[PDB]
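Quick setup: one chain, the form deposited in one PDB entry, written in structure tokens, and binding and motion questions come after.
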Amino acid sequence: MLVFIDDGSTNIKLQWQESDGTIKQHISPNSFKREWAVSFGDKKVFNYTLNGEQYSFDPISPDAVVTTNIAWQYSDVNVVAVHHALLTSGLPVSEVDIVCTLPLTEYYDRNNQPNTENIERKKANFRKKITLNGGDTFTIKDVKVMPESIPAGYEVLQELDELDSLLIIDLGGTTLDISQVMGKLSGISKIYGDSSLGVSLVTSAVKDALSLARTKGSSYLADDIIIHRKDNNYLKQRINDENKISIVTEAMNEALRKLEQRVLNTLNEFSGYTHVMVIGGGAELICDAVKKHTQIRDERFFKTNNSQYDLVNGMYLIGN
């Protein structure tokens, strides 16, 4: 079995196809604490041991450590999150081959050439042995590494003439990376990674406007508000009450406005692209501004409505 994994610092996305020809997409959060969970009842808990350290999946983990999540890519927790993702995917415990991802500025050096040291370091990380109390864990065999962004725009790129170039904008949970690639992957024109902004900006704004606990527990509430930000009817029924709908809609627009300014400002660093694609979980939050501020016809502007999965799907369509 081969599993494609876009192990982001917010959510791990998985995609694979089963014998009955069904293609499955799974998503599992990166929310673990460095200690085992205690269950005196039947509630299932996942306690792991990796590199001698203890870890457990935590549904209410503090949104703390809003610092360097780049190092997370080579961390123990990353290994745990991926294994946990495999365990809750539905697939049967077994040996598996995987293809994981490395952010653009980690996969490539400043010369836009493969950073072999980082790629190997990523493969080595998944060799760290893991254990699960009261259960079996999958066995990761072969590890392949693909860079982010490019796999998502691969389909479109096969269609582009060598002279054309696709601009890929990826808004993630805590990062906003933009790259430009010549048609048929004739070369990488430019890469601009930014780990100072992400969707969490709006999520954090929402958690503030409603004064919600700064943990994973309230992440779903925040996301539902952002996702349905344009449907008052939904908000009316969702927001506790007191109709803070005014303040939250006010907080969201602030953050969204900031995401747009950043993207537009960075966009000014690129030129000559003939096609544009917006991917990542935050795609819907900036697609309008991007399309408005680019000179590209509808025919050449790409965006799906399953944006958080665009990358892992692209990886799949290539390596499966």
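Position 1 is the first residue in the sequence shown; the rest follow in order.
In the record comparison, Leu267 is modelled in each of the other entries of this protein that model the residues flanking it, with no third of them omitting it. When the other compared entries with both flanking residues are checked, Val278 is modelled in all of them, not unmodelled in a third. Mean C-alpha B-factor is higher over 231-239 than over the other stretch, the pair under comparison being 159-167 and 231-239. Judged by mean Cα B factor in the deposited record, 213-221 ranks above the other of 118-126 and 213-221. Highest C-alpha temperature factor among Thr68, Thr274, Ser28, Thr266 per the entry: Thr68.
Annotation for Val80: CA B-factor lies in the lowest third of the chain's modelled residues.
Among all modelled residues in its chain, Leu285 ranks in the lowest third by Cα B-factor. For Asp109, the recorded CA temperature factor ranks within the lowest third of the chain's modelled residues. When all modelled residues of the chain are sorted by CA temperature factor, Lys244 is found within the highest third. In the deposited entry, the Cα temperature factor of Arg300 places it in the middle third of its chain's modelled residues.
The same protein also has a form deposited in another entry, omitted here; what follows describes it.
Between the rigid parts that turn between this form and the one not shown, the hinge residue, out of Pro92, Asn306, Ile227, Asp58, is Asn306.
Whereas the displayed form keeps them at a certain spacing, the CA atoms of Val79 and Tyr220 lie at least 3 angstroms farther apart in that other deposited form. Shown here is a form in which the CA atoms of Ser200 and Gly8 lie at least 3 Å closer together than they do in that other deposited form.
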